[PDB]
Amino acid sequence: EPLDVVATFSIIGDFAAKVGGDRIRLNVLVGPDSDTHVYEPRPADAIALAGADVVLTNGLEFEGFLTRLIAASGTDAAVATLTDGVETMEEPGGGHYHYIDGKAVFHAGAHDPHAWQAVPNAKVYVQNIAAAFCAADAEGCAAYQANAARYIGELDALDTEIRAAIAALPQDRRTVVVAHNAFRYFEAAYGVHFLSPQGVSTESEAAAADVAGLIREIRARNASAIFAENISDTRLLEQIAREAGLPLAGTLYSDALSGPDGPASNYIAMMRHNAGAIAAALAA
């Protein structure tokens, strides 16, 4: 019978649907245009995990509710951390932390969790999906591994596509500003710097003491355009676009897919909506 699979949010939900095919029954907890940083599960989510065979998660404390939800669900499921094997980036500030015991240990934690904004990282996510499906359903492993290997092929072409478009840009204009500091893996991969009022997580609200400072950094970096994000309320970025004298060029997709009929209804559509929107604005 089909593998009962729950993914914590929409993007890895797309990775799951792509590897699992018709062999799985997906149930995503955090939906399109929704924010996992501040998500807080409904009793249905405990029921889903208790009824699940595999739980797919991002790890690095993206899902702050995860450990409490597993406990309330009493689930027996294999929990996959799709970050395993990704070469992960430190949070900014401060920056972030070590602390020696007998020796020096990378502290708590932070690790920037947005590893998916770099397509080579998304391949590791997909690797880790199939391994988690092979583990719970030996009979389908050859199918899982063949879907993942095919999708990883399309991911590789997406990467070539993205780097090629950013390389064609004048290097003097590589700075944009978004809602929260969610695109640092995009920068490490492809070379667009990102400014934002909010930090790595959206839990803390953006204060007025950030705007004058951010406006100054936007000028010193000659940032080219301001984007809203699909998971945040756009009003503060319109204000910043005004005071900075910069166009509000559109909406980027950070931590969630769009709905269907939307422009980022799957990951590969998502990365190309962003790369093209970023590309067009910097060329202007």
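A residue's number is simply how far along the shown sequence it sits, counting from 1.
Asker: For the other entries of this protein included in the comparison (both sides of the residue modelled), is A208 absent in a third of them or more?
Answerer: Other entries vs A208: at least a third skip it.
Asker: Decide, for the other PDB entries of this protein that were compared, whether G74 is missing from at least a third of their models.
Answerer: Result for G74: never missing in the compared entries.
Asker: Look up the CA B-factors in the entry and say which stretch, 251 to 259 or 23 to 31, has the higher mean.
Answerer: In the deposited entry, the stretch with the higher C-alpha B-factor mean is 23 to 31.
Asker: Of 117 to 125 and 86 to 94, which one has the bigger average CA B-factor?
Answerer: Higher mean C-alpha B-factor: 86 to 94.
Asker: I'd like to know which of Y185, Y99, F194, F133 has the highest C-alpha temperature factor in the PDB entry.
Answerer: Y99 has the highest C-alpha B-factor of those listed.
Asker: Per the PDB entry, which option out of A148, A207, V200, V177 has the greatest Cα B factor?
Answerer: Highest C-alpha B-factor among the listed residues goes to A207.
Asker: Could you look up the Cα B-factor of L60 in the entry and say which third of the chain it sits in: lowest, middle or highest?
Answerer: Answer is middle: the recorded C-alpha B-factor places it there.
Asker: Among all modelled residues of this chain, ranked by Cα B factor, put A228 in the bottom, middle or top third, i.e. lowest, middle or highest.
Answerer: CA B-factor rank for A228: lowest third.
Asker: Place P170 in the lowest, middle or highest third of its chain's C-alpha B-factors, as listed in the PDB entry.
Answerer: Its C-alpha B-factor, which the entry lists for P170, ranks in the highest third among residues of this chain.
Asker: Would you please rank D76 by its C-alpha temperature factor against the other modelled residues of its chain and give the third it falls in: lowest, middle or highest?
Answerer: Tercile = highest for this residue's CA B-factor.
Asker: By the recorded C-alpha temperature factor, relative to the other modelled residues in its chain, which third is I152 in?
Answerer: Within its chain, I152 is a middle-third residue by C-alpha B-factor, going by the deposited values.
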